[PDB]
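Chains as they are written, first to last, in the working numbering: chain A, 219 to 348; chain B, 29 to 204; chain C, 9 to 45; chain D, 8 to 148. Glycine is no exception: its CB is placed at the ideal position from the N, C-alpha and C atoms. So the structure is just underneath, and the comments pick up after that.
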RNA sequence: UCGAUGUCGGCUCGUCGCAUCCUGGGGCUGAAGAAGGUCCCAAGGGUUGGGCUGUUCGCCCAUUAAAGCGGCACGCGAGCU
RNA sequence: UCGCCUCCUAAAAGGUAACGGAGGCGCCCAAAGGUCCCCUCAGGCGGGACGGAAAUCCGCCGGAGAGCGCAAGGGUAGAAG
RNA sequence: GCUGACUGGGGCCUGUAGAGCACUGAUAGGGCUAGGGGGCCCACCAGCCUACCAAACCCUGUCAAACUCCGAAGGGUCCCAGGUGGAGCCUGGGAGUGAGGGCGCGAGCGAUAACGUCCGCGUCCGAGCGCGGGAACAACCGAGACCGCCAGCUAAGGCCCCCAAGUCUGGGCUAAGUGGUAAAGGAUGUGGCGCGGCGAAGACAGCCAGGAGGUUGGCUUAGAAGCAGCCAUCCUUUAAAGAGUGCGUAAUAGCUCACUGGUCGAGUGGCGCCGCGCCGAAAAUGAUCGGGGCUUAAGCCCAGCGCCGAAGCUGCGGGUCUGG
């Protein structure tokens, strides 16, 4: 209950620090598609548009404390959290739209988004991708 | 840092202990009336203030009385406190032992290094109101040879204390 | 190690289990098979 | 070994082991420590017996104290010689020890050790014993 | 116990006891096989002939699977020498 | 070893045991005795030609640790010295 | 002819248990410094100071049959009282007995051995081997037997049976026939307490997933990837990751891991107390708690009611010895 306030409180200064925050679910991914999904989303960003496979139970509060909702639909399982802080939110969500559609992944393994403050759907992870 | 004592009336001391309570006695120039508290409630406290801080009481009398042990009879055998004592704190300067805590890392350590802390407390007089807690020592130059003592230490403004000044306060001997 | 009047844990994988009416100890390498006697 | 250097009488009527301890019950020195539970006579040899083992478990480590001291003269008659006819000569020395009698105490020795030590340290000893640190050992103020 | 309970050794005849010398069993092992080493279970049945010494015991010779440790008034004299 | 004196043992009166623990006695002194008049230590720390670490000195602090023929012990400078 | 034992209060004698170091010694560690070798140095030898032995000084800690600044409880003695008992005091005639024993407590010897042995206090056997209890049993518990009764109540010890009297009543533990008798020392055996670590921002169990970078740093009389060995003792791509507890290799590759996403989605792990039970635990004709048998007992622990049971005490009668 010590670093739980060190990790969950480190999950909102970057939640309330963005303009393109995703959080799909990733399963069956080796040790080469992870340093390839962020080696490919930080060249048009640097040290800001990282690949965060965050926490799910630490999102029912890493989201309800700075006061929010419309989130009870995006991480009910092993969910991530693609937070974009630098560079127009159009080179980390296109460099994010072809990082699950380039190795034979079905284009339905993501769970919406909160890119700039206005809920997100399933035809918008393909919309702000092309 | 607070205790509630129950007025001892004068009912079999053995009882109390053979009860669950822990007998004792508070006093000072003016007072001296048999008392008691519970065993357990006690320790938790002791083990924290023991006698280098000030224990305040309350009693059924909603009276908070500032004190601190003059002693504690023990048990010789199967150690575990027996009696206890409480010095009703006045505004008059008083004989209390300041808790000592040495700082820094011993010179003679890389080289033989095993520090002996002779007496890590001390007979310091002072207005009970103003009682610094721990007193800053040193080792940034302490060798196996003789070792600092008496009055080669800091006397927080207001503190005069009674030593000699003589009592070697500490030193380091040879390992094995 | 096998039968001794002082049975203990020798290593880490050792488990003190008891049975039949005596303390026992099993482990990875039989080199520990302890049995109160 | 370990014993006086002097004496006022060589031979001394043995006596008994009653309760109490009269002394030593507290710390007064070290960082942790051992305490006798049962009353008895502890032979010098037994004293060093551990003494060593100690320093042993901790090669060039902390500083030891063996707060006890033998100085009663252990008496034995000659192998086989029969009754009466004067008192056997000395054999060795002992240190009467009434319970709650701290015996030794380490210091500066990482507890883990200080402890572990005071565990074997006692295995040489002929009675149970107890491990401790510093508590109600404060007879300062 | 002295108005007596015969005092070593052997011979003979045994019985017992496990702390096991074989033989049967087991686990380890610095156990490859073999052979052993150490610990447990276990007396059911076995546990040799001679040399010297009064000797018990030893110390040798030749074998043996093995040549075991004790108790039984250090068994056994109304049984013997 | 055998009579005798001291201490412990001996359990707060006395005494009280062992082939119990540890020492002495089988003498001395005509002054080492009566008495009356005088006097004060041992040590410690300074200070002192031979001078240990104590001789005999000088100056302080020091009531008894000196002495009292001898064993220990009781006692004692308000004197037994 | 009321002093006796015993008891109260008065007044004192005294040096044990204990405890304490003030005197005699023994003491573990510290600090301190008269001193001395030594050096700067010449000198009637001033002084400065020592990475040496140490007198004593005090500190912190204790020890003692023959130590006591200190000192109980107790015991003794004397005064005033209580105390009419096979108490005392006194005189005279007779004794026998002067090997003792056991048990408890205080001490020596002994090995804090012995149905050992020697002394003190007390008890008992002796001579109370008459009774009861204790399996049997002089001395452990009951208890003082003049004699009788086809009477009553208890004491110790008992209450299922042999074998008199609760398969009696409550509330706890025990699972080994422990009880129906051995220790140290070991252990996730149970029962009642304790303090901390962390969770419904879903922990430990559960399984599909990641275990990265500097990287493999050097000093080497072979070489250091976490993966023989020391100093410095952190940063990078991070959901999480060192120069990694190791199964696992010669340096390695890896099965996997501290650290972690999380499907699961409720409590959960390593430690201190007491009861109580387990292993430790081998002896010599045939076993055994006296026996048979006992498992919410016929045990063990705390309660409560009640009996059984003596030769002790009552009822009754008789015998008897002192006194009035």
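- Message: Do residue 36 of chain B and residue 64 of chain B count as a contact pair if the criterion is CB distance below 8 Å?
- Response: yes
- Message: Is residue 114 of chain D close to chain B? Criterion is C-beta to C-beta, closer than 8 Å.
- Response: yes
- In chain order, what residues of the segment 56 to 74 of chain D put their CB closer than 8 Å to some CB of chain B? 62, 65, 66, 67, 68, 69, 70 and 71
- Are the C-beta of residue 47 of chain D and some C-beta of chain B separated by less than 8 Å? no
- Message: Taking the alpha carbon of residue 49 of chain D as the reference point, which residue from D/26, D/77 and D/72 has its own alpha carbon closest?
- Response: D/77
- Query: Between the segment 116 to 134 of chain B and the segment 39 to 57 of chain D, are three or more C-beta pairs nearer than 8 Å?
  - Reply: no
- Are at least three pairs of beta-carbons, each pair with one atom in the segment 172 to 187 of chain B and one in the segment 110 to 125 of chain B, less than 8 Å apart? no
- At least 3 beta-carbon pairs within less than 8 Å: the segment 9 to 17 of chain D vs the segment 32 to 43 of chain C: no
- Task: Note down, one range per segment and in chain order, each beta strand (DSSP E) of at least 3 residues found wholly within the segment 107 to 162 of chain B.
- Result: 122 to 125, 142 to 144 and 151 to 154
- Item | Secondary structure, beta strand (DSSP E): runs of 3+ residues fully inside the segment 89 to 132 of chain D | 97 to 104 and 109 to 111
- Message: To be precise: take each residue of the segment 50 to 78 of chain B, compare its Cβ to all Cβ atoms of chain D, and keep it if any distance is under 8 Å. Which residues remain?
- Response: 74, 75 and 78
- Is the shortest distance between the beta-carbon of residue 98 of chain B and the beta-carbons of chain D less than 8 Å? yes
- Query: Once you ignore the five residues that flank residue 202 of chain B on each side, which residues in its own chain have a CB closer than 8 Å to its CB?
  - Reply: 140, 142 and 172
- Would you kindly work out how many angstroms separate the C-alpha atoms of residue 174 of chain B and residue 162 of chain B, rounded to a whole number? 24 Å
- Item | Other residues of its chain near residue 97 of chain D: CB distance less than 6 Å, five sequence neighbours each side excluded | 80
- 8 Å Cβ cutoff, residue 182 of chain B in contact with chain D: no
- What are the start and end residues of the alpha helix (DSSP H) that includes residue 61 of chain D? 51 to 64
- Task: Can you grab the Cα-Cα spacing for the pair residue 40 of chain C / residue 135 of chain D, in whole Å?
- Result: 28 Å
- From B/150, B/188, B/160 and B/156, residue whose alpha carbon lies closest to that of residue 196 of chain B: B/150
- Name the chain B residues whose beta carbon is nearer than 7 Å to that of residue 106 of chain D? 105
- Query: Leaving out five residues before and five after residue 24 of chain C in sequence, what residues of the same chain have Cβ atoms less than 7 Å from its Cβ?
  - Reply: 17, 31 and 33
- Task: Look at residue 40 of chain D and residue 113 of chain D and say whether their C-beta atoms are less than 8 Å apart.
- Result: yes
- Query: Considering only the beta carbon of each residue, do residue 62 of chain D and residue 73 of chain D sit closer than 8 Å?
  - Reply: no
- Query: Where does residue 51 of chain B sit, in a helix, a strand or coil, going by DSSP?
  - Reply: strand
- Task: Tell me whether residue 41 of chain B sits in a helix, a strand or coil according to DSSP, three-state version.
- Result: helix
- State the Cα-Cα distance for the pair residue 9 of chain D and residue 152 of chain B, rounded to the nearest angstrom. 40 Å
- Message: Taking 8 Å as the threshold (C-beta atoms), are residue 155 of chain B and residue 56 of chain B in contact?
- Response: no
- Message: Do residue 194 of chain B and residue 68 of chain D have their beta-carbon atoms positioned less than 8 Å apart in this structure?
- Response: no
- Query: When DSSP builds the beta bridges, which residues end up paired with residue 196 of chain B?
  - Reply: B/177
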